[PDB]
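Peer 1: Next up, entry_27.txt (compact mmCIF, N, CA and C atoms and all ligand atoms).
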# COMPACT_ATOMS: atom_id res chain seq x y z
N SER A 7 -29.52 -39.69 51.28
CA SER A 7 -29.89 -40.15 52.65
C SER A 7 -31.39 -40.41 52.73
N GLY A 8 -31.83 -41.02 53.83
CA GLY A 8 -33.26 -41.18 54.17
C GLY A 8 -33.55 -42.45 54.94
N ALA A 9 -34.49 -42.38 55.89
CA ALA A 9 -34.96 -43.55 56.67
C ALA A 9 -36.49 -43.62 56.72
N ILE A 10 -36.98 -44.80 57.10
CA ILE A 10 -38.39 -45.06 57.51
C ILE A 10 -38.40 -45.26 59.03
N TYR A 11 -39.36 -44.65 59.68
CA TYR A 11 -39.55 -44.68 61.15
C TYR A 11 -40.97 -45.14 61.37
N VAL A 12 -41.14 -46.44 61.62
CA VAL A 12 -42.43 -47.10 61.93
C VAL A 12 -42.30 -47.73 63.32
N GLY A 13 -43.30 -47.53 64.19
CA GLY A 13 -43.26 -47.96 65.60
C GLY A 13 -41.90 -47.71 66.20
N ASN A 14 -41.17 -48.77 66.57
CA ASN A 14 -39.90 -48.64 67.35
C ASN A 14 -38.68 -49.04 66.50
N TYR A 15 -38.77 -48.79 65.18
CA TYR A 15 -37.82 -49.24 64.14
C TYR A 15 -37.38 -48.03 63.30
N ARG A 16 -36.11 -48.04 62.88
CA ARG A 16 -35.56 -47.20 61.79
C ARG A 16 -35.13 -48.10 60.62
N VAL A 17 -35.76 -47.98 59.46
CA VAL A 17 -35.34 -48.74 58.25
C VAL A 17 -34.46 -47.81 57.42
N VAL A 18 -33.24 -48.25 57.12
CA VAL A 18 -32.20 -47.51 56.34
C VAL A 18 -31.62 -48.44 55.27
N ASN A 19 -30.95 -47.87 54.26
CA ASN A 19 -29.99 -48.60 53.40
C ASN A 19 -28.91 -49.21 54.31
N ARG A 20 -28.56 -50.49 54.12
CA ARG A 20 -27.53 -51.17 54.95
C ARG A 20 -26.19 -50.46 54.72
N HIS A 21 -25.93 -50.04 53.48
CA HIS A 21 -24.67 -49.36 53.06
C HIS A 21 -24.54 -47.92 53.58
N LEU A 22 -25.60 -47.37 54.19
CA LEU A 22 -25.63 -46.02 54.82
C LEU A 22 -25.92 -46.14 56.32
N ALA A 23 -25.92 -47.35 56.88
CA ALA A 23 -26.20 -47.57 58.32
C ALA A 23 -25.07 -46.93 59.15
N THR A 24 -25.38 -46.43 60.35
CA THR A 24 -24.39 -45.76 61.26
C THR A 24 -23.92 -46.71 62.38
N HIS A 25 -22.91 -46.31 63.15
CA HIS A 25 -22.42 -47.06 64.34
C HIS A 25 -23.58 -47.31 65.29
N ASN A 26 -24.58 -46.42 65.31
CA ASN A 26 -25.72 -46.47 66.26
C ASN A 26 -26.78 -47.47 65.79
N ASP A 27 -27.00 -47.54 64.48
CA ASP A 27 -27.83 -48.58 63.82
C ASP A 27 -27.28 -49.98 64.17
N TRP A 28 -25.96 -50.20 64.09
CA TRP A 28 -25.31 -51.51 64.40
C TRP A 28 -25.27 -51.79 65.91
N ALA A 29 -24.96 -50.78 66.72
CA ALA A 29 -25.10 -50.84 68.18
C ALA A 29 -26.49 -51.37 68.54
N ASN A 30 -27.51 -51.10 67.71
CA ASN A 30 -28.94 -51.38 68.05
C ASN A 30 -29.60 -52.26 66.99
N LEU A 31 -28.85 -53.20 66.41
CA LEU A 31 -29.28 -54.02 65.26
C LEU A 31 -30.54 -54.75 65.65
N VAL A 32 -31.50 -54.83 64.75
CA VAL A 32 -32.68 -55.72 64.85
C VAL A 32 -32.64 -56.79 63.75
N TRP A 33 -32.29 -56.36 62.53
CA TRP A 33 -32.28 -57.20 61.32
C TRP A 33 -31.52 -56.44 60.22
N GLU A 34 -30.57 -57.10 59.58
CA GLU A 34 -29.92 -56.55 58.36
C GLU A 34 -29.98 -57.66 57.28
N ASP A 35 -29.99 -57.25 56.01
CA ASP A 35 -29.87 -58.19 54.86
C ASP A 35 -29.06 -57.51 53.75
N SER A 36 -27.78 -57.88 53.65
CA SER A 36 -26.80 -57.47 52.61
C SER A 36 -27.42 -57.55 51.20
N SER A 37 -28.11 -58.65 50.89
CA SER A 37 -28.67 -58.93 49.55
C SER A 37 -29.88 -58.05 49.21
N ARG A 38 -30.53 -57.46 50.21
CA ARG A 38 -31.66 -56.51 50.04
C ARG A 38 -31.21 -55.06 50.20
N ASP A 39 -30.01 -54.85 50.74
CA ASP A 39 -29.40 -53.53 51.07
C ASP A 39 -30.30 -52.87 52.10
N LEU A 40 -30.69 -53.63 53.14
CA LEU A 40 -31.66 -53.20 54.20
C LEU A 40 -31.03 -53.45 55.58
N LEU A 41 -31.20 -52.49 56.46
CA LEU A 41 -30.86 -52.65 57.89
C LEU A 41 -31.96 -51.96 58.68
N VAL A 42 -32.44 -52.60 59.76
CA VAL A 42 -33.34 -52.00 60.78
C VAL A 42 -32.56 -51.93 62.12
N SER A 43 -32.56 -50.76 62.73
CA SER A 43 -32.16 -50.48 64.14
C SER A 43 -33.36 -50.03 64.99
N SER A 44 -33.24 -50.21 66.31
CA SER A 44 -34.30 -49.91 67.31
C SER A 44 -34.21 -48.43 67.72
N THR A 45 -35.34 -47.73 67.85
CA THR A 45 -35.40 -46.32 68.34
C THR A 45 -36.01 -46.23 69.75
N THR A 46 -35.63 -45.19 70.50
CA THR A 46 -36.15 -44.88 71.86
C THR A 46 -37.51 -44.20 71.72
N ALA A 47 -37.59 -43.23 70.79
CA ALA A 47 -38.82 -42.53 70.32
C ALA A 47 -39.79 -43.50 69.64
N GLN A 48 -40.98 -42.99 69.26
CA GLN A 48 -42.04 -43.71 68.48
C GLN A 48 -42.16 -43.06 67.10
N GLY A 49 -42.51 -43.84 66.07
CA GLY A 49 -42.64 -43.43 64.66
C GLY A 49 -43.95 -43.89 64.04
N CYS A 50 -44.53 -43.08 63.17
CA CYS A 50 -45.93 -43.26 62.70
C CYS A 50 -45.99 -43.19 61.16
N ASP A 51 -44.92 -43.58 60.46
CA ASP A 51 -44.96 -43.87 59.00
C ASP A 51 -45.82 -45.12 58.77
N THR A 52 -46.73 -45.08 57.81
CA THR A 52 -47.60 -46.23 57.46
C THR A 52 -46.86 -47.04 56.41
N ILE A 53 -46.66 -48.34 56.64
CA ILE A 53 -46.12 -49.28 55.63
C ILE A 53 -47.33 -49.81 54.86
N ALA A 54 -47.21 -49.87 53.53
CA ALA A 54 -48.21 -50.35 52.55
C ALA A 54 -48.15 -51.87 52.55
N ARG A 55 -49.32 -52.50 52.49
CA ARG A 55 -49.50 -53.96 52.37
C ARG A 55 -50.39 -54.16 51.14
N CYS A 56 -49.76 -54.34 49.96
CA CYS A 56 -50.42 -54.20 48.64
C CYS A 56 -49.47 -54.76 47.60
N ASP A 57 -49.93 -55.00 46.36
CA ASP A 57 -49.02 -55.24 45.21
C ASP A 57 -49.20 -54.15 44.15
N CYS A 58 -49.40 -52.88 44.55
CA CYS A 58 -49.37 -51.66 43.69
C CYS A 58 -48.11 -51.64 42.83
N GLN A 59 -48.17 -51.03 41.65
CA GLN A 59 -46.99 -50.89 40.78
C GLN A 59 -46.93 -49.48 40.21
N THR A 60 -47.56 -48.52 40.88
CA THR A 60 -47.42 -47.08 40.61
C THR A 60 -47.37 -46.37 41.96
N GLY A 61 -46.67 -45.26 41.99
CA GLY A 61 -46.27 -44.63 43.25
C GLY A 61 -45.57 -43.32 43.00
N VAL A 62 -45.05 -42.72 44.06
CA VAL A 62 -44.36 -41.40 44.03
C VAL A 62 -43.09 -41.54 44.87
N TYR A 63 -41.93 -41.14 44.35
CA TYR A 63 -40.65 -41.23 45.09
C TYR A 63 -40.03 -39.83 45.18
N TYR A 64 -39.40 -39.54 46.32
CA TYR A 64 -38.67 -38.28 46.56
C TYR A 64 -37.28 -38.42 45.98
N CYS A 65 -36.87 -37.41 45.20
CA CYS A 65 -35.57 -37.37 44.49
C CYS A 65 -34.76 -36.18 44.99
N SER A 66 -33.85 -36.43 45.93
CA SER A 66 -33.11 -35.36 46.65
C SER A 66 -32.28 -34.54 45.66
N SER A 67 -31.74 -35.17 44.62
CA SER A 67 -30.82 -34.58 43.62
C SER A 67 -31.56 -33.69 42.60
N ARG A 68 -32.90 -33.60 42.68
CA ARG A 68 -33.73 -32.63 41.92
C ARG A 68 -34.66 -31.89 42.89
N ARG A 69 -34.62 -32.24 44.17
CA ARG A 69 -35.57 -31.79 45.22
C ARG A 69 -37.01 -31.89 44.72
N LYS A 70 -37.41 -33.06 44.17
CA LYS A 70 -38.73 -33.29 43.52
C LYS A 70 -39.29 -34.69 43.83
N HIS A 71 -40.62 -34.78 43.98
CA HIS A 71 -41.41 -36.04 43.97
C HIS A 71 -41.82 -36.36 42.54
N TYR A 72 -41.56 -37.59 42.10
CA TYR A 72 -41.76 -38.05 40.71
C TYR A 72 -42.68 -39.24 40.78
N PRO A 73 -43.79 -39.25 40.01
CA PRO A 73 -44.64 -40.44 39.92
C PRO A 73 -43.96 -41.47 39.00
N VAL A 74 -43.99 -42.76 39.37
CA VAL A 74 -43.34 -43.90 38.65
C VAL A 74 -44.31 -45.10 38.58
N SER A 75 -44.29 -45.82 37.46
CA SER A 75 -44.62 -47.26 37.36
C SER A 75 -43.36 -47.98 37.76
N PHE A 76 -43.48 -49.09 38.47
CA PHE A 76 -42.30 -49.86 38.92
C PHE A 76 -42.67 -51.33 38.89
N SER A 77 -41.64 -52.17 38.79
CA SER A 77 -41.76 -53.64 38.61
C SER A 77 -42.10 -54.32 39.94
N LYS A 78 -42.30 -55.63 39.90
CA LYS A 78 -42.59 -56.46 41.09
C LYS A 78 -41.26 -56.75 41.79
N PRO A 79 -41.22 -56.92 43.13
CA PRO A 79 -39.97 -57.27 43.80
C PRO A 79 -39.32 -58.49 43.14
N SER A 80 -38.02 -58.40 42.84
CA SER A 80 -37.26 -59.45 42.11
C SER A 80 -35.75 -59.38 42.40
N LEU A 81 -35.01 -60.36 41.89
CA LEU A 81 -33.53 -60.38 41.86
C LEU A 81 -33.09 -59.67 40.58
N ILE A 82 -32.21 -58.70 40.70
CA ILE A 82 -31.65 -57.93 39.56
C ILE A 82 -30.15 -57.75 39.85
N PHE A 83 -29.31 -57.93 38.83
CA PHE A 83 -27.84 -57.74 38.93
C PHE A 83 -27.55 -56.27 39.28
N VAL A 84 -26.51 -56.07 40.09
CA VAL A 84 -26.03 -54.73 40.54
C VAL A 84 -24.50 -54.73 40.40
N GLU A 85 -23.98 -53.88 39.52
CA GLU A 85 -22.54 -53.63 39.29
C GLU A 85 -21.83 -53.42 40.63
N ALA A 86 -20.54 -53.72 40.69
CA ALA A 86 -19.68 -53.67 41.90
C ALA A 86 -19.68 -52.26 42.49
N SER A 87 -20.44 -52.06 43.58
CA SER A 87 -20.47 -50.83 44.41
C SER A 87 -19.13 -50.69 45.14
N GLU A 88 -18.95 -49.60 45.89
CA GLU A 88 -17.86 -49.47 46.90
C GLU A 88 -18.23 -50.24 48.17
N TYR A 89 -19.50 -50.65 48.30
CA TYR A 89 -20.10 -51.24 49.53
C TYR A 89 -20.28 -52.75 49.36
N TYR A 90 -20.58 -53.18 48.14
CA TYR A 90 -20.81 -54.60 47.77
C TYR A 90 -20.05 -54.90 46.49
N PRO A 91 -19.72 -56.18 46.23
CA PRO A 91 -19.25 -56.60 44.91
C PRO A 91 -20.43 -56.90 43.98
N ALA A 92 -20.13 -57.37 42.77
CA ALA A 92 -21.10 -57.73 41.71
C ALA A 92 -21.97 -58.89 42.20
N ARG A 93 -23.28 -58.66 42.31
CA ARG A 93 -24.23 -59.61 42.95
C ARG A 93 -25.64 -59.33 42.46
N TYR A 94 -26.54 -60.30 42.69
CA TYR A 94 -28.01 -60.17 42.54
C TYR A 94 -28.60 -59.58 43.83
N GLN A 95 -29.09 -58.34 43.78
CA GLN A 95 -29.88 -57.74 44.88
C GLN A 95 -31.30 -58.30 44.78
N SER A 96 -31.83 -58.84 45.88
CA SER A 96 -33.19 -59.42 45.95
C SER A 96 -34.18 -58.40 46.53
N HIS A 97 -35.47 -58.59 46.23
CA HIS A 97 -36.60 -57.70 46.59
C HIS A 97 -36.45 -56.30 45.96
N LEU A 98 -35.87 -56.23 44.75
CA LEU A 98 -35.68 -54.95 44.03
C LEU A 98 -36.83 -54.68 43.06
N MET A 99 -37.19 -53.39 42.92
CA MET A 99 -38.26 -52.86 42.02
C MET A 99 -37.70 -51.73 41.17
N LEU A 100 -37.63 -51.86 39.84
CA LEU A 100 -37.07 -50.78 38.98
C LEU A 100 -38.19 -49.90 38.40
N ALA A 101 -37.83 -48.63 38.13
CA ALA A 101 -38.62 -47.63 37.40
C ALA A 101 -37.69 -46.79 36.53
N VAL A 102 -38.25 -46.25 35.44
CA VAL A 102 -37.71 -45.16 34.56
C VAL A 102 -37.82 -43.88 35.39
N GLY A 103 -36.68 -43.26 35.69
CA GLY A 103 -36.66 -42.10 36.58
C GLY A 103 -35.26 -41.70 36.95
N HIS A 104 -35.07 -40.43 37.28
CA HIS A 104 -33.77 -39.86 37.69
C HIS A 104 -33.43 -40.37 39.09
N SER A 105 -32.17 -40.76 39.27
CA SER A 105 -31.53 -41.07 40.58
C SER A 105 -30.03 -40.86 40.43
N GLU A 106 -29.34 -40.52 41.53
CA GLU A 106 -27.86 -40.61 41.65
C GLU A 106 -27.53 -41.00 43.10
N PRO A 107 -26.29 -41.45 43.40
CA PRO A 107 -25.99 -42.14 44.68
C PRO A 107 -26.60 -41.64 46.00
N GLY A 108 -26.55 -40.31 46.21
CA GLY A 108 -27.14 -39.56 47.36
C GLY A 108 -28.66 -39.70 47.55
N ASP A 109 -29.35 -40.21 46.53
CA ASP A 109 -30.84 -40.33 46.45
C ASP A 109 -31.31 -41.58 47.18
N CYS A 110 -30.39 -42.49 47.52
CA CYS A 110 -30.67 -43.68 48.38
C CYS A 110 -31.31 -43.19 49.67
N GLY A 111 -32.40 -43.83 50.10
CA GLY A 111 -33.11 -43.46 51.34
C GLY A 111 -34.41 -42.75 51.02
N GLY A 112 -34.49 -42.13 49.85
CA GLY A 112 -35.72 -41.48 49.37
C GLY A 112 -36.86 -42.46 49.43
N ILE A 113 -38.02 -42.00 49.89
CA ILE A 113 -39.21 -42.87 50.11
C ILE A 113 -39.98 -43.02 48.79
N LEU A 114 -40.33 -44.27 48.42
CA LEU A 114 -41.45 -44.61 47.51
C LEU A 114 -42.76 -44.79 48.30
N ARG A 115 -43.79 -44.04 47.91
CA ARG A 115 -45.14 -43.97 48.52
C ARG A 115 -46.17 -44.36 47.46
N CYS A 116 -47.22 -45.03 47.90
CA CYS A 116 -48.46 -45.33 47.13
C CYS A 116 -49.65 -44.96 48.02
N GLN A 117 -50.86 -44.99 47.47
CA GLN A 117 -52.11 -44.55 48.18
C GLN A 117 -52.19 -45.19 49.58
N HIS A 118 -51.64 -46.41 49.76
CA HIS A 118 -51.65 -47.22 51.02
C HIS A 118 -50.41 -47.01 51.89
N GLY A 119 -49.49 -46.11 51.49
CA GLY A 119 -48.33 -45.67 52.30
C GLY A 119 -46.97 -46.04 51.73
N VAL A 120 -46.00 -46.21 52.61
CA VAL A 120 -44.56 -46.43 52.29
C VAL A 120 -44.39 -47.82 51.70
N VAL A 121 -43.96 -47.85 50.42
CA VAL A 121 -43.63 -49.07 49.63
C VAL A 121 -42.18 -49.53 49.92
N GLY A 122 -41.21 -48.61 49.94
CA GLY A 122 -39.78 -48.89 50.11
C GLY A 122 -38.91 -47.66 49.91
N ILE A 123 -37.59 -47.82 49.72
CA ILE A 123 -36.63 -46.68 49.69
C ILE A 123 -35.67 -46.79 48.49
N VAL A 124 -35.33 -45.68 47.86
CA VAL A 124 -34.32 -45.71 46.74
C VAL A 124 -33.13 -46.51 47.26
N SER A 125 -32.53 -47.34 46.41
CA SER A 125 -31.41 -48.25 46.77
C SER A 125 -30.39 -48.36 45.62
N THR A 126 -30.85 -48.28 44.36
CA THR A 126 -30.00 -48.36 43.13
C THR A 126 -30.52 -47.40 42.06
N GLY A 127 -29.74 -47.22 40.99
CA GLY A 127 -30.11 -46.48 39.77
C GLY A 127 -29.13 -46.79 38.65
N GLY A 128 -28.89 -45.84 37.75
CA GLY A 128 -28.03 -45.98 36.56
C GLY A 128 -28.84 -46.01 35.28
N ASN A 129 -28.47 -45.19 34.29
CA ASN A 129 -28.95 -45.23 32.87
C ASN A 129 -30.41 -44.76 32.77
N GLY A 130 -30.80 -43.76 33.56
CA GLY A 130 -32.20 -43.28 33.61
C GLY A 130 -33.12 -44.29 34.28
N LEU A 131 -32.56 -45.22 35.06
CA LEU A 131 -33.34 -46.17 35.91
C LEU A 131 -33.18 -45.74 37.37
N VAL A 132 -34.07 -46.25 38.22
CA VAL A 132 -34.04 -46.08 39.70
C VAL A 132 -34.62 -47.36 40.33
N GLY A 133 -33.93 -47.89 41.34
CA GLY A 133 -34.26 -49.15 42.03
C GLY A 133 -34.69 -48.89 43.46
N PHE A 134 -35.76 -49.58 43.89
CA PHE A 134 -36.40 -49.42 45.22
C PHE A 134 -36.24 -50.75 45.97
N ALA A 135 -35.66 -50.69 47.17
CA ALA A 135 -35.67 -51.81 48.13
C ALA A 135 -37.08 -51.88 48.71
N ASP A 136 -37.87 -52.88 48.29
CA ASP A 136 -39.23 -53.19 48.83
C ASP A 136 -39.14 -53.45 50.35
N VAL A 137 -40.19 -53.09 51.11
CA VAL A 137 -40.31 -53.33 52.58
C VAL A 137 -41.74 -53.80 52.94
N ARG A 138 -42.59 -54.08 51.97
CA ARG A 138 -44.00 -54.44 52.21
C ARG A 138 -44.15 -55.88 52.74
N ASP A 139 -43.16 -56.75 52.56
CA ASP A 139 -43.25 -58.17 52.97
C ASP A 139 -42.97 -58.23 54.47
N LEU A 140 -42.33 -57.19 55.02
CA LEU A 140 -41.75 -57.22 56.39
C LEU A 140 -42.87 -56.97 57.38
N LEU A 141 -43.80 -57.92 57.45
CA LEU A 141 -45.07 -57.74 58.21
C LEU A 141 -44.74 -57.35 59.65
N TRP A 142 -43.64 -57.90 60.20
CA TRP A 142 -43.15 -57.75 61.60
C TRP A 142 -42.90 -56.30 62.00
N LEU A 143 -42.82 -55.37 61.04
CA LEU A 143 -42.64 -53.92 61.33
C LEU A 143 -43.92 -53.35 61.97
N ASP A 144 -45.07 -53.98 61.70
CA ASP A 144 -46.44 -53.56 62.14
C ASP A 144 -46.66 -53.81 63.64
N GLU A 145 -45.92 -54.76 64.23
CA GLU A 145 -46.32 -55.45 65.48
C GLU A 145 -45.08 -55.82 66.31
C1 LIG B 1 -28.91 -44.38 43.69
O1 LIG B 1 -28.04 -45.28 43.01
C2 LIG B 1 -27.34 -44.81 41.94
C3 LIG B 1 -27.92 -44.14 40.87
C4 LIG B 1 -27.15 -43.77 39.78
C5 LIG B 1 -25.81 -44.05 39.76
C6 LIG B 1 -25.22 -44.71 40.83
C7 LIG B 1 -25.98 -45.11 41.93
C8 LIG B 1 -25.33 -45.83 43.09
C9 LIG B 1 -25.82 -47.26 43.22
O2 LIG B 1 -26.68 -47.71 42.49
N1 LIG B 1 -25.24 -48.01 44.19
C10 LIG B 1 -24.27 -47.51 45.18
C11 LIG B 1 -24.74 -47.81 46.57
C12 LIG B 1 -25.04 -49.30 46.71
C13 LIG B 1 -26.11 -49.72 45.71
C14 LIG B 1 -26.49 -51.18 45.91
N2 LIG B 1 -27.76 -51.40 46.19
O3 LIG B 1 -25.65 -52.08 45.84
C15 LIG B 1 -25.50 -49.44 44.33
ZN ZN B 2 -50.26 -49.75 47.51
For the file at hand, write its structure as structure tokens.
Ligand SMILES: COc1ccccc1CC(=O)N1CCC[C@H](C(N)=O)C1
Ligand SMILES: [Zn+2]
Peer 2:
Amino acid sequence: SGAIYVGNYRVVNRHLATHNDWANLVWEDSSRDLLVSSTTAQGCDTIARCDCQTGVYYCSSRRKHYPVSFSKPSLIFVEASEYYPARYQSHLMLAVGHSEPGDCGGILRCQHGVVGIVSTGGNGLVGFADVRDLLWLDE
């Protein structure tokens, strides 16, 4: 599990979104595995505006923060989930690191703040749904 709470937005994995996220849809993208819903409260997570490629991600399945080098946002193939079929996920960033299904939502952080959230893994890899392009979260 895990979300980002910036201003009046909740950023979650689309495949872990709730009835309340959809009741309050702002933007979803199946191909990015991203959904934003509107909150009544205010949130003060800082989104990073950078092209950093090193960072720290929370790993719920080890209860640990792990430093990673990670790739540039790209299209990468993703085996048939229970949530999606076999497809190219866009805006994905891979790193060498432990992940398992429950670890989706875990935050990737860099010196300039929240980079994105765990979204994929497999074979000692871990994939991050980038959120730095989504300038509209700021304003
Ligand atoms: C944290 O991910 C894992 C790590 C190790 C093994 C399996 C998984 C699960 C996984 O990757 N997916 C299930 C949810 C939808 C995901 C997608 N973006 O389509 C694909
Ligand atoms: Zn950065």
Peer 1: Which residue is closest to ligand ZN 2 (chain B)? Choose from A:65, A:9, A:54, A:92 and count all atoms listed in the file.
Peer 2: A:54
Peer 1: 7 Å from ligand LIG 1 (chain B) is the threshold here; counting all atoms listed in the file, which polymer residues fall inside it? Answer as number ranges by chain.
Peer 2: A: 21, 38-39, 84-90, 95, 104-110, 124-129, 131-133
Peer 1: Check every protein, DNA and RNA residue against ligand ZN 2 (chain B), keep those with an atom at most 5 Å away (counting all atoms listed in the file), and present them as an NGL selection string.
Peer 2: :A and (56 or 58 or 116-118)
Peer 1: A:96, A:62, A:122, A:52: which is nearest residue A:35, counting only C-alpha atoms?
Peer 2: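 Closest residue, counting only C-alpha atoms: A:96.
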Peer 1: Atom C of residue A:76 and atom C of residue A:101, how far apart in Å?
Peer 2: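 One can read the atom C of residue A:101 to atom C of residue A:76 distance as 7.1 Å.
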Peer 1: Using only C-alpha atoms, which of the listed residues (A:67, A:30, A:48, A:19) sits closest to residue A:134?
Peer 2: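 Answer, going by the shortest atom-to-atom distance: A:19.
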Peer 1: To test the calculation: enclose all listed atoms of stretch 100-106 of chain A in a box whose edges run along x, y and z, add 8 Å on each side, then state centre and edge lengths in Å to one decimal, as JSON.
Peer 2:
{"center_x": -33.1, "center_y": -45.9, "center_z": 38.8, "size_x": 27.1, "size_y": 28.0, "size_z": 24.5}
Peer 1: Using only C-alpha atoms, can you tell me which of A:103, A:79, A:8, A:49 comes closest to residue A:137?
Peer 2: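 When distances to residue A:137 are compared using only C-alpha atoms, the smallest one comes from A:79.
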Peer 1: Would you work out the distance separating atom N of residue A:130 from atom C of residue A:102, expressed in Å to one decimal?
Peer 2: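 Atom-to-atom, atom N of residue A:130 and atom C of residue A:102 are spaced 7.3 Å apart.
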Peer 1: Determine, counting only C-alpha atoms, which protein, DNA and RNA residues have an atom within 8 Å of an atom of residue A:144; residues of the same chain fewer than 6 positions away are not included. Present the result as a ChimeraX atom specification.
Peer 2: /A:12-13,53
Peer 1: Kindly reconstruct stretch 52-66 of chain A with N, CA, C and O atoms and present the result as a PDB file, in the coordinates of the input.
Peer 2:
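File produced: result.pdb:
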ATOM      1  N   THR A  52     -46.730 -45.080  57.810  1.00  0.00           N
ATOM      2  CA  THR A  52     -47.600 -46.230  57.460  1.00  0.00           C
ATOM      3  C   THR A  52     -46.860 -47.040  56.410  1.00  0.00           C
ATOM      4  O   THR A  52     -46.454 -46.427  55.432  1.00  0.00           O
ATOM      5  N   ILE A  53     -46.660 -48.340  56.640  1.00  0.00           N
ATOM      6  CA  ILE A  53     -46.120 -49.280  55.630  1.00  0.00           C
ATOM      7  C   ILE A  53     -47.330 -49.810  54.860  1.00  0.00           C
ATOM      8  O   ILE A  53     -48.326 -50.139  55.532  1.00  0.00           O
ATOM      9  N   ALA A  54     -47.210 -49.870  53.530  1.00  0.00           N
ATOM     10  CA  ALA A  54     -48.210 -50.350  52.550  1.00  0.00           C
ATOM     11  C   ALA A  54     -48.150 -51.870  52.550  1.00  0.00           C
ATOM     12  O   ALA A  54     -47.040 -52.396  52.528  1.00  0.00           O
ATOM     13  N   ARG A  55     -49.320 -52.500  52.490  1.00  0.00           N
ATOM     14  CA  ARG A  55     -49.500 -53.960  52.370  1.00  0.00           C
ATOM     15  C   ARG A  55     -50.390 -54.160  51.140  1.00  0.00           C
ATOM     16  O   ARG A  55     -51.622 -54.034  51.274  1.00  0.00           O
ATOM     17  N   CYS A  56     -49.760 -54.340  49.960  1.00  0.00           N
ATOM     18  CA  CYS A  56     -50.420 -54.200  48.640  1.00  0.00           C
ATOM     19  C   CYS A  56     -49.470 -54.760  47.600  1.00  0.00           C
ATOM     20  O   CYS A  56     -48.320 -54.908  47.955  1.00  0.00           O
ATOM     21  N   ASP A  57     -49.930 -55.000  46.360  1.00  0.00           N
ATOM     22  CA  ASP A  57     -49.020 -55.240  45.210  1.00  0.00           C
ATOM     23  C   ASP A  57     -49.200 -54.150  44.150  1.00  0.00           C
ATOM     24  O   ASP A  57     -49.140 -54.494  42.991  1.00  0.00           O
ATOM     25  N   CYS A  58     -49.400 -52.880  44.550  1.00  0.00           N
ATOM     26  CA  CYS A  58     -49.370 -51.660  43.690  1.00  0.00           C
ATOM     27  C   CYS A  58     -48.110 -51.640  42.830  1.00  0.00           C
ATOM     28  O   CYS A  58     -47.087 -52.134  43.316  1.00  0.00           O
ATOM     29  N   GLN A  59     -48.170 -51.030  41.650  1.00  0.00           N
ATOM     30  CA  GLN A  59     -46.990 -50.890  40.780  1.00  0.00           C
ATOM     31  C   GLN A  59     -46.930 -49.480  40.210  1.00  0.00           C
ATOM     32  O   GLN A  59     -46.357 -49.314  39.141  1.00  0.00           O
ATOM     33  N   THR A  60     -47.560 -48.520  40.880  1.00  0.00           N
ATOM     34  CA  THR A  60     -47.420 -47.080  40.610  1.00  0.00           C
ATOM     35  C   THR A  60     -47.370 -46.370  41.960  1.00  0.00           C
ATOM     36  O   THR A  60     -48.001 -46.865  42.969  1.00  0.00           O
ATOM     37  N   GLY A  61     -46.670 -45.260  41.990  1.00  0.00           N
ATOM     38  CA  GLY A  61     -46.270 -44.630  43.250  1.00  0.00           C
ATOM     39  C   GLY A  61     -45.570 -43.320  43.000  1.00  0.00           C
ATOM     40  O   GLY A  61     -45.535 -42.908  41.859  1.00  0.00           O
ATOM     41  N   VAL A  62     -45.050 -42.720  44.060  1.00  0.00           N
ATOM     42  CA  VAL A  62     -44.360 -41.400  44.030  1.00  0.00           C
ATOM     43  C   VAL A  62     -43.090 -41.540  44.870  1.00  0.00           C
ATOM     44  O   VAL A  62     -43.226 -42.004  46.012  1.00  0.00           O
ATOM     45  N   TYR A  63     -41.930 -41.140  44.350  1.00  0.00           N
ATOM     46  CA  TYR A  63     -40.650 -41.230  45.090  1.00  0.00           C
ATOM     47  C   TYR A  63     -40.030 -39.830  45.180  1.00  0.00           C
ATOM     48  O   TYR A  63     -40.165 -39.052  44.263  1.00  0.00           O
ATOM     49  N   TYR A  64     -39.400 -39.540  46.320  1.00  0.00           N
ATOM     50  CA  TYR A  64     -38.670 -38.280  46.560  1.00  0.00           C
ATOM     51  C   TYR A  64     -37.280 -38.420  45.980  1.00  0.00           C
ATOM     52  O   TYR A  64     -36.618 -39.462  46.215  1.00  0.00           O
ATOM     53  N   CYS A  65     -36.870 -37.410  45.200  1.00  0.00           N
ATOM     54  CA  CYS A  65     -35.570 -37.370  44.490  1.00  0.00           C
ATOM     55  C   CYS A  65     -34.760 -36.180  44.990  1.00  0.00           C
ATOM     56  O   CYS A  65     -34.973 -35.073  44.498  1.00  0.00           O
ATOM     57  N   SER A  66     -33.850 -36.430  45.930  1.00  0.00           N
ATOM     58  CA  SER A  66     -33.110 -35.360  46.650  1.00  0.00           C
ATOM     59  C   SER A  66     -32.280 -34.540  45.660  1.00  0.00           C
ATOM     60  O   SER A  66     -32.182 -33.347  45.876  1.00  0.00           O
TER      61      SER A  66
END
